[PDB]
Each structure stands twice: as C-alpha cells, then as structure tokens.
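Chemist: This is the structure I have questions about; it appears just below.
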Amino acid sequence: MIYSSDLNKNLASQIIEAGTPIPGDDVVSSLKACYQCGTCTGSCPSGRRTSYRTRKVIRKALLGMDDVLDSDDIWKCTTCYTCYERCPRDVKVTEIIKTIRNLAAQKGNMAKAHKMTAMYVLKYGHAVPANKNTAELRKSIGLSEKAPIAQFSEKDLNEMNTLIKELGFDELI
Amino acid sequence: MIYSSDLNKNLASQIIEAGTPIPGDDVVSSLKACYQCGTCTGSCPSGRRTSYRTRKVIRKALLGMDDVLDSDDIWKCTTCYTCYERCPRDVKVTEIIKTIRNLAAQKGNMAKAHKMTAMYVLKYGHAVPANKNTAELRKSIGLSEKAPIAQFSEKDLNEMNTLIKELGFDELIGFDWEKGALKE
Ligand code: SF4
Ligand code: SF4
Ligand code: SF4
Ligand code: SF4
Ligand SMILES: [Mg+2]
C-alpha cells in the first residue's frame, strides 16, 4: 500500500540536481522521457540472474519512491551501457543510475569494500597500489622497479588530497 | 528468467475445461478478455494487506504459469465480487478464481480446516452441526429441540452420501467411509 505520504514528489528533481553540472542537466533530465517499455530490463545482464529490473529504478524515480536510494539493486548495474544504447526514448539510463548512486552514497549507502577502494586512492593514490612483490615482478620483466605514477610522487599525492578535501569526498567516506 | 519450457501453453484451456459445464464455458473463458488494467487489484480487500494481486492471477493463467495452482494467494480471495462487478472487460474474475481453486484442490492444494468442514457436511450433513448445548439453547427460547434438518434425517444423509460418491467428492477430500474420517 503506497500512499502520497510515503512518496517524495521532488525525487526526480533531486536526482537531476545531483547530476548538474556533471554529467549534465540535459543528461539526467532524460529520465523524464521514459515510457516504461522495459527494453532496458530485457537488455540488462544483471537482471537475468537477480531481482534487479532497470525499468523499475526509473519508475521509482518518477513515482517518488526514495527507497530506491537505499536499494541494493541499483548497485548490481555493471554500467555495460546496453540499456543506454538501446533506449528508444534517449534516456541516458546508465548515467541516471550513477547519479542515483551518488545520492545513495550521500545518504550513507556505500558498501565497505567500495569505501576501502576509495580510501586506497586517497591514501596511496591508487585503487590497486604497488606491493613489495610488485617491485620484484617489474624488475624481472625488464621494466622500472617503480612505475611513473602518483603512488611515488609526493607532489601528486598532496594535490589529490587538497582536491578530495575541497570536494568533501573525504567526508562522504 | 521465464523460458517457454517453464510454461504450460494449455493452462487457460485447462482452467476453462474445469469450469465446463459449471459455472460455464462462457463464464470461465471470459479470462481471455482481460486487458490487465488492474481495476480488480485496486478493488481487492485482501490485496490491501497482503502480496495478493488479482490481475497477476489472470496474467499467470494467460501466460501459462501453472505455479498459480500451488499458490497460497488464490486462497486469500474472500469472493466479495468487487472485482467481478467493476471489471471493464466483463471478466467473471471471482468465478475464474474459484475454478482455479478447483484445479488447485485436484492437485492436492487443500487446507485441513477446509477438508474438515467438507467432512462434517458428508458425515453429519452440516458444516456446523448441532451439539448437546444446541438442544439446551433451542428449547430454552421456544424452538424445537432439534431443527428440521438433514443432521436428524437418515434418509437425507444417505441421499447426500450417494451424490458425494457419484461426484467423487469423497475421493477428492480423501474421506474413507469405513474409517469414518479423513485419510492421511
Ligand atoms: S528503455 Fe528507456 S524508455 Fe524503455 S524503460 Fe528503460 S528507460 Fe524507460
Ligand atoms: S547498464 Fe547497468 S542497467 Fe543498463 S544494462 Fe548494463 S547493467 Fe543493466
Ligand atoms: S479488471 Fe477485468 S480486465 Fe482489468 S485486470 Fe482485472 S480482470 Fe483483467
Ligand atoms: S473477489 Fe476475491 S479477488 Fe475479486 S476482489 Fe474480492 S477478494 Fe479480491
Ligand atoms: Mg529493482
């Protein structure tokens, strides 16, 4: 039983707001063109082995069911862009899902594993940083012991941190 | 994922077959006129407090999902006839649900409580038979100690017992006459 009291009339507008200016007002606004045909759901590789239905994410955004932000299903999207490519109403589906994930992240719905990966990029500058075995491996192949990356350039590490602090990505985590 | 191999293309026809001649071929074949509008679901008293969705029953019958016969949901219908009354395609919804319940009963999907009630009607002739307290209550308010009903007429009790046997309703509920109770 869904009552008007259980719905947020501004959900779509709030999703568009979050998607402005990146990926864009026009891009996220495309959710309003959806005519619930299901082409996205039938194209979804994740939907073939789970309860995830791409079309229902857009339906819930239009209807105002904010529980979609607390959903585990929105995080089952692999961003394969098959829905995006086949949508007959030009809905930028994959981008709307990512924008919805941003609001889910703001509300605290981030899996610990994802927060760990984000922490590695902040601390070490890389999601998959170099290990002790890495240096040994690279030398044997005939490459530099350490790659020319941010993990070893103190300048770049502090640059990323000031940006992460300015964006509040640290507080998001 | 639903494949063609998971569906029964003859489900609708089998539901209509069961509904022939009672309540009628025309009545049960009305399921084929459904256009999935949901008026029945929005009208359903049971759907407001459960996962039961009246149009999904008709959808599953048309699609060929026979798991609908194993469903607990079809037994949540109170037969209020609100869907029947409001259907814009004249689908005799309540009758289709009852016919689907007949196939569910044939497959063994019947509750002991319902089987107990059916057993009381063939054994004592009544779903709620008279007790010792009935005789006391009735005579205390001017009524006959025993009502003029089948429970006290061996003639009418035997008539029903012959019809029950002819219809095979005794076999359906699993009632044995020698044992005098529901088998298994
Ligand atoms: S495909 Fe485009 S239009 Fe059809 S449902 Fe998915 S999003 Fe809405
Ligand atoms: S992008 Fe996400 S949603 Fe669209 S199809 Fe690939 S997985 Fe399913
Ligand atoms: S109301 Fe009549 S038509 Fe509309 S869904 Fe229920 S049965 Fe099908
Ligand atoms: S008749 Fe059965 S299904 Fe139709 S509304 Fe009343 S309860 Fe719901
Ligand atoms: Mg979903």
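Each chain in the structure tokens gets a letter, A, B and so on, in the order shown; residues start at 1 in every chain, and ligands are counted from 1 in the order they appear.
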Please identify every polymer residue within 7 Å of ligand 4, using only C-alpha atoms and all ligand atoms, and present the set as a ChimeraX atom specification.

Modeler: /B:40-41,43-47,54,76-84,93-94

Chemist: What would the file look like if the residues just selected were written as a short mmCIF file (atom, residue, chain, number, x, y, z; two decimals), in the first residue's frame with N, CA and C atoms?

Modeler:
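result_19.cif was written with the following content:
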```
data_model
loop_
_atom_site.label_atom_id
_atom_site.label_comp_id
_atom_site.auth_asym_id
_atom_site.auth_seq_id
_atom_site.Cartn_x
_atom_site.Cartn_y
_atom_site.Cartn_z
N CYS B 40 -9.28 -4.81 -10.80
CA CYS B 40 -9.57 -5.88 -9.84
C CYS B 40 -8.64 -5.79 -8.62
N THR B 41 -7.34 -5.57 -8.85
CA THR B 41 -6.34 -5.46 -7.78
C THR B 41 -6.63 -4.27 -6.86
N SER B 43 -9.41 -2.93 -6.29
CA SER B 43 -10.70 -3.19 -5.64
C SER B 43 -10.62 -4.27 -4.58
N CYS B 44 -9.58 -5.10 -4.64
CA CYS B 44 -9.43 -6.23 -3.73
C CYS B 44 -9.17 -5.87 -2.27
N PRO B 45 -10.04 -6.34 -1.35
CA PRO B 45 -9.80 -6.06 0.07
C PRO B 45 -8.56 -6.77 0.61
N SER B 46 -8.30 -7.98 0.12
CA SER B 46 -7.14 -8.77 0.56
C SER B 46 -5.81 -8.24 0.04
N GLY B 47 -5.79 -7.64 -1.14
CA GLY B 47 -4.56 -7.12 -1.71
C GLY B 47 -4.00 -5.94 -0.93
N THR B 54 -4.87 -9.58 -7.69
CA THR B 54 -5.87 -10.24 -8.53
C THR B 54 -5.50 -10.33 -10.02
N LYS B 76 -6.61 -16.39 -0.76
CA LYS B 76 -6.79 -15.19 0.05
C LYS B 76 -8.02 -14.41 -0.43
N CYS B 77 -8.60 -14.81 -1.58
CA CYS B 77 -9.79 -14.18 -2.15
C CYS B 77 -11.00 -14.51 -1.26
N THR B 78 -11.73 -13.49 -0.80
CA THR B 78 -12.90 -13.71 0.05
C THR B 78 -14.17 -13.89 -0.78
N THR B 79 -14.06 -13.78 -2.12
CA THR B 79 -15.18 -13.88 -3.06
C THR B 79 -16.18 -12.75 -2.80
N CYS B 80 -15.66 -11.54 -2.55
CA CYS B 80 -16.50 -10.37 -2.31
C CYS B 80 -17.18 -9.88 -3.59
N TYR B 81 -16.74 -10.36 -4.77
CA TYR B 81 -17.30 -9.98 -6.07
C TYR B 81 -17.06 -8.51 -6.46
N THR B 82 -16.18 -7.78 -5.76
CA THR B 82 -15.95 -6.37 -6.13
C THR B 82 -15.21 -6.27 -7.46
N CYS B 83 -14.29 -7.20 -7.73
CA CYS B 83 -13.55 -7.22 -8.99
C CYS B 83 -14.51 -7.57 -10.12
N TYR B 84 -15.30 -8.63 -9.90
CA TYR B 84 -16.31 -9.12 -10.84
C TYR B 84 -17.23 -7.97 -11.27
N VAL B 93 -14.17 -12.70 -12.92
CA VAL B 93 -12.98 -12.88 -12.09
C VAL B 93 -13.17 -13.83 -10.92
N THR B 94 -14.16 -13.56 -10.08
CA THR B 94 -14.41 -14.39 -8.91
C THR B 94 -14.65 -15.85 -9.30
#
```

Chemist: Based on DSSP run over this structure's backbone, return all residues of chain A in helix (DSSP H, G or I), as a PyMOL selection string.

Modeler: chain A and resi 4-6+11-18+25-33+39-43+54-63+66-70+73-76+82-86+93-106+112-123+132-141+150-152+154-167+169-172

Chemist: Please identify all residues of chain B having at least one atom at most 8 Å from any atom of chain A, considering only C-alpha atoms, and return them as JSON, numbers by chain.

Modeler: {"B": [1, 48, 49]}

Chemist: Using only C-alpha atoms and all ligand atoms, determine which residues fall within 9 Å of ligand 1, then list them as a ChimeraX atom specification.

Modeler: /A:30-43,54-59,83-84,86-93

Chemist: What residues have any atom no more than 6 Å from ligand 2 when counting only C-alpha atoms and all ligand atoms, and can you list them as an MDAnalysis selection string?

Modeler: chainID A and resid 40 43:46 54 77:83 94

Chemist: Could you pull out the residues sitting within 10 Å of ligand 3, using only C-alpha atoms and all ligand atoms, and write them as a PyMOL selection string?

Modeler: chain B and resi 30-44+53-59+82-94+96

Chemist: Could those residues be written to a file, using C-alpha atoms, as a PDB file, in the first residue's frame?

Modeler:
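Okay, result09.pdb is ready:
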```
ATOM      1  CA  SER B  30     -14.031 -14.697 -20.065  1.00  0.00           C
ATOM      2  CA  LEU B  31     -10.438 -14.731 -18.662  1.00  0.00           C
ATOM      3  CA  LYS B  32      -9.346 -14.401 -22.329  1.00  0.00           C
ATOM      4  CA  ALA B  33     -10.904 -10.862 -22.471  1.00  0.00           C
ATOM      5  CA  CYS B  34      -8.644  -9.490 -19.689  1.00  0.00           C
ATOM      6  CA  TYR B  35      -6.548  -6.475 -20.711  1.00  0.00           C
ATOM      7  CA  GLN B  36      -4.531  -6.250 -17.446  1.00  0.00           C
ATOM      8  CA  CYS B  37      -5.911  -2.896 -16.290  1.00  0.00           C
ATOM      9  CA  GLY B  38      -5.608  -3.652 -12.543  1.00  0.00           C
ATOM     10  CA  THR B  39      -9.138  -2.496 -11.572  1.00  0.00           C
ATOM     11  CA  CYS B  40      -9.570  -5.882  -9.842  1.00  0.00           C
ATOM     12  CA  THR B  41      -6.345  -5.465  -7.781  1.00  0.00           C
ATOM     13  CA  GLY B  42      -7.217  -1.917  -6.667  1.00  0.00           C
ATOM     14  CA  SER B  43     -10.704  -3.185  -5.643  1.00  0.00           C
ATOM     15  CA  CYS B  44      -9.426  -6.234  -3.731  1.00  0.00           C
ATOM     16  CA  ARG B  53      -2.651  -9.139  -6.741  1.00  0.00           C
ATOM     17  CA  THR B  54      -5.871 -10.240  -8.527  1.00  0.00           C
ATOM     18  CA  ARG B  55      -4.727  -9.372 -12.096  1.00  0.00           C
ATOM     19  CA  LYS B  56      -1.495 -11.369 -11.673  1.00  0.00           C
ATOM     20  CA  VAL B  57      -3.689 -14.497 -11.223  1.00  0.00           C
ATOM     21  CA  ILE B  58      -5.308 -13.810 -14.627  1.00  0.00           C
ATOM     22  CA  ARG B  59      -1.869 -12.879 -16.111  1.00  0.00           C
ATOM     23  CA  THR B  82     -15.950  -6.374  -6.128  1.00  0.00           C
ATOM     24  CA  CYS B  83     -13.546  -7.219  -8.988  1.00  0.00           C
ATOM     25  CA  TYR B  84     -16.312  -9.117 -10.835  1.00  0.00           C
ATOM     26  CA  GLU B  85     -18.607  -6.076 -10.520  1.00  0.00           C
ATOM     27  CA  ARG B  86     -16.077  -3.482 -11.666  1.00  0.00           C
ATOM     28  CA  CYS B  87     -14.231  -5.339 -14.465  1.00  0.00           C
ATOM     29  CA  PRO B  88     -14.496  -3.267 -17.670  1.00  0.00           C
ATOM     30  CA  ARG B  89     -13.922  -6.364 -19.899  1.00  0.00           C
ATOM     31  CA  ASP B  90     -16.706  -8.486 -18.245  1.00  0.00           C
ATOM     32  CA  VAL B  91     -14.142 -10.952 -16.879  1.00  0.00           C
ATOM     33  CA  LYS B  92     -16.018 -13.198 -14.395  1.00  0.00           C
ATOM     34  CA  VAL B  93     -12.978 -12.881 -12.090  1.00  0.00           C
ATOM     35  CA  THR B  94     -14.414 -14.391  -8.910  1.00  0.00           C
ATOM     36  CA  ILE B  96     -12.215 -17.887 -12.596  1.00  0.00           C
TER      37      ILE B  96
END
```

Chemist: Please determine, counting only C-alpha atoms and all ligand atoms, which residue among A:17, A:70, A:136, A:25 has the shortest atom-to-atom distance to ligand 5.

Modeler: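 When distances to ligand 5 are compared using only C-alpha atoms and all ligand atoms, the smallest one comes from A:70.
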
Chemist: Ranking B:128, B:137, B:65, B:104 by minimum distance to residue 116 in chain B and counting only C-alpha atoms, which one comes first?

Modeler: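 Nearest candidate to residue 116 in chain B out of B:128, B:137, B:65, B:104: B:128.
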
Chemist: Would you list the contacts of residue 103 in chain B as a PyMOL selection string, taking every protein, DNA or RNA residue within 8 Å and counting only C-alpha atoms, but skipping same-chain residues closer than 2 positions in sequence?

Modeler: chain B and resi 15+18+69+99-101+105-107

Chemist: Can you tell me how far CA of residue 108 in chain A sits from CA of residue 8 in chain A, in Å to one decimal?

Modeler: 18.7 Å

Chemist: Can you list, as number ranges by chain, every protein, DNA or RNA residue that comes within 8 Å of residue 145 in chain A when you count only C-alpha atoms, leaving out same-chain residues fewer than 6 positions away?

Modeler: A: 135-136, 138-139

Chemist: With N, CA and C atoms kept, could you save the residues just selected as a JSON list (two decimals), in the first residue's frame?

Modeler:
```json
[["chain", "number", "residue", "atom", "x", "y", "z"],
["A", 135, "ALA", "N", 57.39, -4.73, -7.05],
["A", 135, "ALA", "CA", 58.73, -4.24, -7.37],
["A", 135, "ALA", "C", 59.61, -5.38, -7.88],
["A", 136, "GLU", "N", 59.52, -6.55, -7.24],
["A", 136, "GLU", "CA", 60.29, -7.73, -7.62],
["A", 136, "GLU", "C", 59.86, -8.23, -9.00],
["A", 138, "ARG", "N", 58.23, -6.46, -11.53],
["A", 138, "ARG", "CA", 58.56, -5.49, -12.58],
["A", 138, "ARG", "C", 60.02, -5.56, -13.01],
["A", 139, "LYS", "N", 60.94, -5.73, -12.06],
["A", 139, "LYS", "CA", 62.38, -5.80, -12.35],
["A", 139, "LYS", "C", 62.74, -7.00, -13.22]]
```

Chemist: Could you tell me how far CA of residue 74 in chain A lies from CA of residue 16 in chain A, in Å and to one decimal?

Modeler: 16.6 Å

Chemist: How many Å separate CA of residue 24 in chain A from CA of residue 168 in chain A?

Modeler: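 Atom-to-atom, CA of residue 24 in chain A to CA of residue 168 in chain A, that is 20.1 Å.
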
Chemist: At a cut-off of 7 Å, using only C-alpha atoms, what residues contact range 5-13 of chain B? Leave out same-chain residues fewer than 5 positions from it and give the result as number ranges by chain.

Modeler: B: 61-62, 64-66

Chemist: I'd like to know which of A:107, A:53, A:9, A:98 is closest to ligand 5, using only C-alpha atoms and all ligand atoms.

Modeler: A:53

Chemist: Would you pick out the contacts of residue 183 in chain B at 7 Å or less, using only C-alpha atoms, so that residues sharing its chain but fewer than 6 positions from it are not included, and give the list as a list in words?

Modeler: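 Everything that qualifies: residues 174, 175 and 176 of chain B.
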